[PDB]
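One structure is given below, encoded as structure tokens.
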Amino acid sequence: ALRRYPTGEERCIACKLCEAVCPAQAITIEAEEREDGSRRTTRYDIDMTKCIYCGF
Amino acid sequence: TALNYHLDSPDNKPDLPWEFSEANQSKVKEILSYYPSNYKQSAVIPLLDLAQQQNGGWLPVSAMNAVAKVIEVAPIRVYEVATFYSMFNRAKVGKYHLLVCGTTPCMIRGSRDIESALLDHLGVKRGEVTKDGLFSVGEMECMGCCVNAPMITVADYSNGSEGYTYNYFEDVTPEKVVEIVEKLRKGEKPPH
Amino acid sequence: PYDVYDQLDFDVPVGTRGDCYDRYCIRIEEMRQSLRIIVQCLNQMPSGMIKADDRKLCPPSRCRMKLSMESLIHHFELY
Amino acid sequence: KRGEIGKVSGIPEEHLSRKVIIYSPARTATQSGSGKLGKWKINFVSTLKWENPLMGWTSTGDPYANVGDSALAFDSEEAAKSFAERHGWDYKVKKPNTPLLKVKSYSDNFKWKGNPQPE
Amino acid sequence: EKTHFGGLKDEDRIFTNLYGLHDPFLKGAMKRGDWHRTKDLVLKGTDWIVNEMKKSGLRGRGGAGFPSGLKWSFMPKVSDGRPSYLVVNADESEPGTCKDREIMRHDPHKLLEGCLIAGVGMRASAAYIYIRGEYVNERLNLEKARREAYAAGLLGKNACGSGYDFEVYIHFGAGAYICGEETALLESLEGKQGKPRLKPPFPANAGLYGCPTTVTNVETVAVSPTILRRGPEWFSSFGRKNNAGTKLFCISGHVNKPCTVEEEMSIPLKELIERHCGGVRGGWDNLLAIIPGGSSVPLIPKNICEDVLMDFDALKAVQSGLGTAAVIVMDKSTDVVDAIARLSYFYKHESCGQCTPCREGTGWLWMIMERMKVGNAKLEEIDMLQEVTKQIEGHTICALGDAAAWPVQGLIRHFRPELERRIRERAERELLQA
Amino acid sequence: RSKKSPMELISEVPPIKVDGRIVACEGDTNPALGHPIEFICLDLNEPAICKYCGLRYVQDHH
Amino acid sequence: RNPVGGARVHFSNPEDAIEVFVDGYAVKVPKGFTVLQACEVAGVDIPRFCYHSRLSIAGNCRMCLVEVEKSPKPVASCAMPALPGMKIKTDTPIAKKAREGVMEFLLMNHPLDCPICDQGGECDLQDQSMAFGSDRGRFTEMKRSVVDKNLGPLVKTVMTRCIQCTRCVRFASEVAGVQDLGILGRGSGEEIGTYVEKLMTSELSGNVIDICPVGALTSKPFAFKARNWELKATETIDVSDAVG
Amino acid sequence: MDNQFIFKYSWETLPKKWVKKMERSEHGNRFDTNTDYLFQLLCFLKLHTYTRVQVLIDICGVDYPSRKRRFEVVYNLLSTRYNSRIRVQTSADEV
Ligand SMILES: Cc1cc2nc3c(=O)[nH]c(=O)nc-3n(C[C@H](O)[C@H](O)[C@H](O)COP(=O)(O)O)c2cc1C
Ligand code: SF4
Ligand code: SF4
Ligand code: SF4
Ligand code: SF4
Ligand code: FES
Ligand code: FES
Ligand SMILES: [Zn+2]
């Protein structure tokens, strides 16, 4: 699950720190600068057929 | 509110022109005559202070560009010099800039009981010019052994570069500051 | 021996005929002795930290990565 | 090329006629460290990639898509050349560009301009 | 004598008219004895002047304490096309220092003659006096004295009618304490930011405008023309062997009548305070700590203020420094932690911010000192203070980092019980509150 | 209100008034459950945006 | 042993070549090299933040401090000239303690924004902090912050991450030739900027993105697009002009 | 029994022409020999009284493309009687 702040803003900052630790390469992230200038993801998809549910 | 960057305002903007004077060109020549002609940049401080005196105690961005043209350097060097030193006012100070709050040695003898009285007497915060435009408040650079801790520095920019005087007043009571400011308002200068 | 196995008391069951029945009796005894070792570990487990303090090799606490610069650098480099 | 090892290795004949580049990767411009230098790599020039029209993922049909970057590394140019020679790959060698240490001193920041010349 | 070091007769004083009781201009200068047979002193050769300075044993009066003659011997003896310069460092910005101002507002011609003599002794073609920017009136007085000297022929082309061509100029700063450092002053005088240079290029080989130059304090320059005239043997007969002479002291702080006075170089601190100035406020028992030589140098507690000699070497052996020789007496009626925290704030405010250890370390030291000013710190924080000070010392470009680290070390070295006491008292007022 | 994107939702939260020149944003009331500490300088005229939260902080008086 | 990065030392003459001991190893260098360069010849790679081989020397960061026998205090190897018979020491406790002191000072006001920094996997500050730095931070007080300024459509600026190495200023003054950038202010409050609102108009202005060791100066078009570890590097040439 | 004893004993008793590299450390006492003496060494180390190595734990290969002899074959050995482990390595190319 992807969480968001209580204000309604998504917490993901497109740091790609979860895509590099994923031992199964199940995460693919695409990011760019949003209209406000904030670092956010455009694409964040997880392969649950590759996921090993390790919690990394 | 000392900021290391300039926001364009009607009072100071690069578009406004700024030459020195007919009277101050001789001073500019004399200042530049003290250094080799290939090292004119060495006369940046005695030119910036002259611009500060002439303009009324503060340096607009136009004055810095004029000094850069006189010493023939990039204006960024003059900005670097003006921002580094603490005697160059980049905000707009009043006609008689008053320097109050002390330093290390003086507070042992009581230098931090002088600012608030004057601040509430003239009724505008530090770095804020009064409505009439006469007075301002700033932080001083204590010069000596400070035997008489309550000292105030009076920078005078009333007559420009011809009547600029930088005085230190020793042992001034939190009401004697009021007395000397009242004397300054009329025009008379107190003795030191 | 590795870890704290040399501080624990347990017997090593040994067979006599080598057949499938001995492999079963020993596979019973090794589990009774495992119960014994579990009891000893529960009784003698001390307090302290659970990871090596060389954070160049271990992750920082989630409260320390969100409050200290070097802890965040260590987290970023480790993950 | 005596690609006998290529024949007794198991690589398919189609992939044994590839053209590779033997080169030493240089130092990145965003870092001043020089740790990832001195190693030689074989570049298979694997560029045939496309986009998955279901999720936008990068698809490929080239087995040598990441081998030379992930596992196959050499300590010298001779080792990579011998490897390519034995595997029957047509190779070209790109000699690395190396920096030249010039004389630099802190006193050169402060140098006399010269006597004022009214030229 | 050697046993009794201290006490100068009025005749043996160098800085006459130190109180402003007489005309400081050219008339009084010639009647007092300035510019007296200066042509003879310049017509005796550069080598002779350096020899006399070396024999006199004049150590630097700017705080460093480096021998003046040996410093002047480092200037080039053969010109390779680069002119030699003399720079007088008159930018005194240390808190509690009043010496160079009193010198240049009461004895300007002593300074001018000293500049001429030092330029002759270092084969310099010009002299730049770098005055602190706040000294506007003193700058005008020095400029008037310069005009008088030029009008009388004492300076300029054929100075004193001797063939030496010396030009004296008056540059001034714009309110920066770091601009008093040797290389930062050269940066300021070159028209740039007053940020110190790295040392491997020494000023004697690459200084002002890339040319060889020497930076000297006003007191060292001002006493030069009278050492030659009176005699080095007379000058060397004051104070101990290695460090000898007469030095000005701006005594301030908690003393009955603070003043500026000239005394022998080896005057005992207790005798100095209790003889010229009044006794310590409330008596010598009320004494708690004395800053020996101004802000830069560390602190000295009462137990070792007894039988201490105000020397470059004696104060250094006590792990302090003579510095600018401006004592700041502090009584038991003052919080030392407050004072040391304020010194930390002053050094945070005056750091130019060029190198990493001083730019950040001074601020960190100030914050820790502010926290301990009210005891809002743990007992294990005092050791972190020592670690931070040791991390700052020795890694900075100039000596301002060392000067910003020494007061904290002096506080920890002689007043650790006070810090622990206030920390525990704060902790008790927290445990007994909730 | 799924029609509102997170950008439009974070663009509707009024800026927080801060008296000082600098504010520290952690992202949540409990520090351990938010984002890494972020110190924001309030020395401009426009509201200053947290680069993690998107929350805007503005100086109160001066 | 070989020089770091295969650096080629050009000896003009065999006569003008002093001898130094970097770690007890005999090293021959021309007169004019510094301690850092002599160590680079001897295979030892000294940490550096403000030193660039194409920029003038300015010993700001104090990170390249080494030990010299005839020195009471550590010397900046970037600016200290090499002398004949000089014995350098790099892996001694003095040089270490200096390096973890300097890293601790550098990582004191630095913002905790590595995840959102475009210099994430390619930062010299964190790479050297892992190697030559310490493990635990003793700083708990409030950090400083500065506002961000617009330098044009090419250079994205987040000046809170500035470590004040002045490499951008030196590049603009020496290599670019357009003096528009400088260090403004005094002390911990000193800032890099143009003072007035102007944009970097130099054709070589984008090179400040690379010389910056931290994420203070980053590319604006390539903002948040990808991380360095995701990128395959191809060594190609230019066709935009005839320089190649 | 121990790495300090096994190393010194095998230094003396073993024929010198077999082993050409002997590392003695805490990570493991290794013997590197030519491929034409491997069987001889392993038969000696299986029958000698003081080096009764009767268990072959595993045989692994390691690939070094930069070496002339590309593959490294490692023989991890165990002695139950003396409670010691010995590792023997050789090198071979693809043919
Ligand atoms: C931060 C700092 C401030 C200094 N301020 C002064 C000063 O105001 N006056 C002075 O004579 N020396 C000052 N010095 C010492 C200078 O290095 C001085 O020019 C040098 O020691 C020569 O002194 P001398 O004339 O006694 O030989 C300062 C040094 C530092 C590091
Ligand atoms: S990219 Fe992954 S690790 Fe980074 S903020 Fe988003 S979910 Fe978290
Ligand atoms: S120690 Fe402080 S004043 Fe001296 S150069 Fe470094 S930052 Fe500047
Ligand atoms: S500049 Fe480096 S250390 Fe600083 S936030 Fe960016 S990646 Fe982290
Ligand atoms: S912006 Fe980058 S290159 Fe410029 S001084 Fe700051 S850290 Fe150095
Ligand atoms: S503190 Fe201001 S003159 Fe003394
Ligand atoms: S690299 Fe030498 S001090 Fe910065
Ligand atoms: Zn936030």
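Heads up, chain G uses Swiss-Prot numbers, so what you see runs 57-300.
Header says: electron microscopy, 2.9 Å.
Using the three backbone atoms N, Cα and C, a Cβ is placed for every residue, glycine included.
Binding of [4Fe-4S] cluster 2 is attributed by Swiss-Prot to G:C218, G:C221, G:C224, and the same site annotation extends, among G:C173, G:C268, to G:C268. Swiss-Prot names G:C106, G:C117, G:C120 as [2Fe-2S] cluster ligands; from the candidate set G:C134, G:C170, the record adds G:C134 to that same site. Neighbour counts were taken at the CB atom with a 10 A radius for the binding-site residues G:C218, G:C221, G:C268; the maximum falls on G:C221. A 10 Å cutoff on Cβ-Cβ distances gives G:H166 ([4Fe-4S] cluster 1 binding site) a total of 23 other Cβ atoms nearby, all chains included. Cα separation, G:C106 ([2Fe-2S] cluster binding site) to G:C221 ([4Fe-4S] cluster 2 binding site), rounded: 5 Å. Listed in sequence order, the binding-site residues among G:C117, G:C120, G:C221 whose CB lies under 6 angstroms from an atom of ligand 7 come out as G:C117, G:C120. Most other Cβ atoms within 10 A: among the binding-site residues G:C117, G:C173, that distinction falls to G:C117. Taking all protein chains in view, 27 other C-beta atoms sit within 10 angstroms of the C-beta of G:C134 ([2Fe-2S] cluster binding site). Taking a Cβ cut-off of under 6 Å from any atom of ligand 4, the binding-site residues G:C117, G:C120, G:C170, G:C173, G:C179, G:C218 reduce to G:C170, G:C173, G:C179. Closest to G:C224 ([4Fe-4S] cluster 2 binding site) by Cα-Cα distance, out of the binding-site residues G:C117, G:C134, G:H166, G:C179, is G:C117. The number of other CB atoms found within 10 A of the CB of G:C120 ([2Fe-2S] cluster binding site), across every protein chain shown, is 28. Secondary structure from DSSP puts G:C224 ([4Fe-4S] cluster 2 binding site) in a helix.
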